[PDB]
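Q: coords please:
(chains A, B, C, D, E, F, G and H)
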Amino acid sequence: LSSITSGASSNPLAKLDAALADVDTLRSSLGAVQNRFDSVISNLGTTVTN
Amino acid sequence: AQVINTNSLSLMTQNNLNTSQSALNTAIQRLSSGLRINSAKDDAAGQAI
Amino acid sequence: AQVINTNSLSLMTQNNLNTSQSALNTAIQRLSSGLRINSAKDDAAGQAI
Amino acid sequence: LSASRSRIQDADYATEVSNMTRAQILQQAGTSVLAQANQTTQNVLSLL
Amino acid sequence: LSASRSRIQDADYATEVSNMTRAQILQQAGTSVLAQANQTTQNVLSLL
Amino acid sequence: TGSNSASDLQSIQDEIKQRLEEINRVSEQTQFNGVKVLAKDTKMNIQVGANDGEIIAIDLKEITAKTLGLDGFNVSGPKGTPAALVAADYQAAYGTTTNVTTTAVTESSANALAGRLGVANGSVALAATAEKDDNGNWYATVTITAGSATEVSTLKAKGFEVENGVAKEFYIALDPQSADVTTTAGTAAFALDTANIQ
Amino acid sequence: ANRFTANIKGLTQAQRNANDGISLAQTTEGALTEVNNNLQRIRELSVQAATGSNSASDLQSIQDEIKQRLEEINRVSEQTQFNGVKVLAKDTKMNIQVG
Amino acid sequence: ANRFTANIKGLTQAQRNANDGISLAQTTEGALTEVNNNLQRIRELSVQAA
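A: Numbers count the residues shown, from 1 in each chain, chains lettered A, B, ... in the order given. Below, you will see the structure:
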């Protein structure tokens, strides 16, 4: 039952590269968010002391 | 003048200690891992490349 | 800040040693055995060939 | 290609040791001053 | 088979070393604060 | 620098976007006893004596992303003002003995992008030809107009800043080697898949 | 003075909320990393299987390994969570109180 | 001091861009060598057919 197959896809390597691109875009967005968050903590600390 | 109900130097030093703590943590991590970009927080543009 | 009930760097480094350990294991085995494909886990496609 | 990738993401092991040794000392010198700061309240207690 | 039992049975070291350190620090802090707490009620006598 | 890639610049640009946002936030949230201290450019008097008329001046100034001149700061996109295409560019892209003399830009599915944005048709319109910036890269032009305030709000919420009743143009990059050149003699035809672009 | 002390406590609570947000971001990023590694392996297999000197029985081996790797992505997608919130589905934005 | 900080932080990245340039220049020459080795053979062959 492993020899009853479907049709082979076309232009595979382009599809794989597109997928990798999407993953990288998401990771970049998350990194931007974290870098933004850290400054908030610093600011809050100083403000409450004052 | 002399007040005891609140002390304002200790707050400043407590605030001023975390800044060093963070750099210590980063330098510790890089040594063990072996490389500079451990997450996209470091720099996103180089990670993709 | 300063906490003693848990330490979160030691966890990171413990986590991060095992990566090196597995590479050392594979490199050691390939030397003594004398060949590259020791189990199907290496590459199932070439073992049949 | 391997060399060109190596230049981008690998560590230094000469800068990092220095950064660690600087941060340790400054972290250690912070706490003594913190201990000094708390004591300055105790002056007033003598007035009574 | 020997490998599989080893996985089931043996003890890690790094975890236990860290647990040793963790348990030591708490013990020392506990003793110090316990003395501090026993000391508290002396001031009651001053009223009299 | 000169050895980057088109897709990388987006990453740097979004980080810059967040950093820009933080300045405005801090400017318009900080207060001292209910007085906003980083806006409106007034001065502030303090009473320091036993007779009226004895004060000391303190002056404030507004700091934002606009009063500093950084409004609309950007590092990705075309450089300079786009112009038209001439014979030399067609020859450079396809060869010295080339047939093409015009370009034509369309959409894959009619009125798709306005559907994705969430505003009524007739607020989004496409150009019909291609253009080039100062360095020889090809681009397509889009124009957006808002009809009411809520349209501005939705567009901002999805990442586009624009003022109602005012046209503004955004650009989309093209690849000269992927054009269709065999259907109609002397015309390179581009068809955008606007339903899925990032 | 009452107004000042009203301001202070809120800011402290804001600090706490920000820390929770940072935790959430880190969790998601770890899951993404593992997905990336799986994709790289599939890519290499695909280049392996495009040569013209292979026999029709071989391609099944590559195909079944590809099948397992593909199933991995779906399972990691639908099993990761943070405090009851499934973070790798549904295309939503998630607001934090920071003031 | 602030204006010194700006220069240090900028020059540090300026140093990285240069290594990128060295890498590109290094990559091209390796490709050039094989072109050279093929031409060097063709000329010898063409000597024989005369």
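Q: switch to C-alpha atoms for all contacts and neighbour counts from now on
A: Fine.
Q: what residues does residue 24 make contact with?
A: No chain specified, so I'll use chain A. Counting by C-alpha atoms under 8 Å, 6 or more residues apart in numbering or on different chains, residue A:24 touches residue B:48.
Q: I was after chain F.
A: Taking C-alpha under 8 Å, 6+ apart as the test, what residue F:24 contacts is F:64-65.
Q: check which helix or strand it maps to.
A: Here residue F:24 sits within helix F:6-29, counting by DSSP states H and E.
Q: return the residues of chain G in contact with chain A.
A: Proximity of chain G to chain A, by C-alpha under 8 Å from any C-alpha of the partner chain, involves residues G:8, G:11-12, G:15, G:18, G:22, G:25, G:29, G:32, G:36, G:39, G:43, G:46, G:60.
Q: export those to a markdown table and tack on neighbour count, distance to residue E:20 and secondary structure?
A: As requested, the residues of chain G next to chain A are exported to a markdown table (neighbours: other C-alpha atoms under 10 Å in any protein chain shown; distance: C-alpha to C-alpha, whole Å; DSSP: H, G, I helix; E, B strand; the rest coil):
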| residue | neighbour count | distance to residue E:20 | secondary structure |
| --- | --- | --- | --- |
| G:8 | 13 | 40 | helix |
| G:11 | 17 | 38 | helix |
| G:12 | 14 | 34 | helix |
| G:15 | 19 | 33 | helix |
| G:18 | 18 | 33 | helix |
| G:22 | 15 | 30 | helix |
| G:25 | 16 | 32 | helix |
| G:29 | 17 | 32 | helix |
| G:32 | 18 | 35 | helix |
| G:36 | 15 | 38 | helix |
| G:39 | 19 | 41 | helix |
| G:43 | 17 | 46 | helix |
| G:46 | 16 | 50 | helix |
| G:60 | 15 | 52 | helix |
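Q: turn these into JSON lines, columns for distance to residue F:99.
A: Listed next are the residues of chain G next to chain A as JSON lines, based on distance: C-alpha to C-alpha, whole Å:
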{"residue": "G:8", "distance to residue F:99": "73"}
{"residue": "G:11", "distance to residue F:99": "69"}
{"residue": "G:12", "distance to residue F:99": "70"}
{"residue": "G:15", "distance to residue F:99": "66"}
{"residue": "G:18", "distance to residue F:99": "61"}
{"residue": "G:22", "distance to residue F:99": "58"}
{"residue": "G:25", "distance to residue F:99": "54"}
{"residue": "G:29", "distance to residue F:99": "51"}
{"residue": "G:32", "distance to residue F:99": "49"}
{"residue": "G:36", "distance to residue F:99": "45"}
{"residue": "G:39", "distance to residue F:99": "43"}
{"residue": "G:43", "distance to residue F:99": "40"}
{"residue": "G:46", "distance to residue F:99": "40"}
{"residue": "G:60", "distance to residue F:99": "49"}
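Q: between the residues you listed, which is closest to residue F:34?
A: Of all those, residue G:8 has the smallest distance to residue F:34: 13.6 Å, by C-alpha to C-alpha.
Q: measure residue F:157 to chain C for me?
A: Residue F:157 sits 37 Å away from chain C, going by C-alpha to the nearest C-alpha, to the nearest Å.
Q: how near is that residue to residue F:122?
A: From residue F:157 across to residue F:122, the span is 20 Å (C-alpha to C-alpha, to the nearest Å).
Q: then residue F:91?
A: Shown here: residue F:91 relative to residue F:122, a distance of 37 Å by C-alpha to C-alpha.
Q: count of neighbours near residue F:133?
A: Here the number of neighbours of residue F:133 (other C-alpha atoms under 10 Å in any protein chain shown) works out to 16.
Q: cool, residue B:44 as well?
A: Residues near residue B:44, counting by other C-alpha under 10 Å, number 23.
Q: and if you look at residue F:11?
A: A count of nearby residues for residue F:11, using other C-alpha under 10 Å, gives 23.
Q: so it touches residue B:43, yeah?
A: No - applying C-alpha atoms under 8 Å, one finds residue F:11 not in contact with residue B:43, separated by 9.5 Å.
Q: can you show me the strands along chain F?
A: Remark: strands assigned in chain F by DSSP state E are F:31-32, F:35-36, F:43-47, F:55-59, F:102-107, F:124-126, F:131-132, F:138-144, F:168-173, F:187-192.
Q: which residue is the nearest non-sequential neighbour of residue B:3?
A: In space, residue B:3 comes closest to residue D:41 once its chain neighbours are excluded; the distance is 7.6 Å by C-alpha to C-alpha, 6 or more residues apart in numbering or on different chains.
Q: does the one you found really touch residue B:1, like I thought?
A: No - using C-alpha under 8 Å, residue D:41 is not in contact with residue B:1, being 11.0 Å away.
Q: who has more neighbours out of these two?
A: Set side by side, residue D:41 and residue B:1 show more neighbours around residue D:41, with 14 against 3, by other C-alpha under 10 Å.
Q: tell me the spacing between residue D:4 and residue B:46.
A: Distance, residue D:4 to residue B:46, using C-alpha to C-alpha: 12 Å.
Q: check which residues of stretch G:28-35 are buried.
A: G:28-29, G:31-32, G:35 (16 or more other C-alpha atoms under 10 Å in any protein chain shown).
Q: from those, which is closest to chain E?
A: For the buried residues of stretch G:28-35, the residue nearest chain E by C-alpha to the nearest C-alpha is residue G:31; the value is 24.7 Å.
Q: which residues does the closest residue to residue F:45 other than its chain neighbours contact?
A: Spatial nearest neighbour of residue F:45, chain neighbours left out: residue F:57 (5.3 Å); criterion: C-alpha to C-alpha, 6+ apart. Counting by C-alpha under 8 Å, 6+ apart, residue F:57 touches F:43-46.
Q: can you pull the contacts of whatever residue of chain D ends up closest to chain H?
A: As assessed by C-alpha to the nearest C-alpha, chain H sits closest to residue D:4 within chain D, at 5.8 Å. Contact analysis of residue D:4 by C-alpha under 8 Å, 6+ apart lists H:20, H:23.
Q: check which helix or strand it maps to.
A: Assigned by DSSP H and E, residue D:4 belongs to helix D:2-9.
Q: from the chain's centre, how far out does that helix sit?
A: Relative to the mean C-alpha coordinate of its chain, helix D:2-9 is positioned 31 Å out (C-alpha atoms, centre = their mean, to the nearest Å).
Q: ok, stretch A:6-16 next?
A: On C-alpha atoms, centre = their mean, the centre of stretch A:6-16 falls 23 Å from that of its chain.
Q: which other residues reach it?
A: Stretch A:6-16 has contacts (C-alpha under 8 Å, 6+ apart) with G:39, G:43, G:46.
Q: 6 Å instead?
A: The contact list for stretch A:6-16 (C-alpha atoms under 6 Å, 6 or more residues apart in numbering or on different chains) is empty.
Q: gap between the two ends of it?
A: One end of stretch A:6-16 to the other measures 19 Å (C-alpha to C-alpha).
Q: after the longest helix seen in chain D comes which helix or strand?
A: Longest helix in chain D, counting residues (DSSP state H): helix D:15-39. Going down the chain from helix D:15-39, the next helix or strand is helix D:42-45, by DSSP H and E.
Q: can the longest helix of chain D be said to contact chain C?
A: No - taking C-alpha under 6 Å from any C-alpha of the partner chain as the criterion, helix D:15-39 and chain C are apart, separated by no less than 11.3 Å.
Q: close to chain H, is that helix?
A: No - contact check for helix D:15-39 against chain H, using C-alpha under 6 Å from any C-alpha: none in range, with a minimum separation of 13.6 Å.
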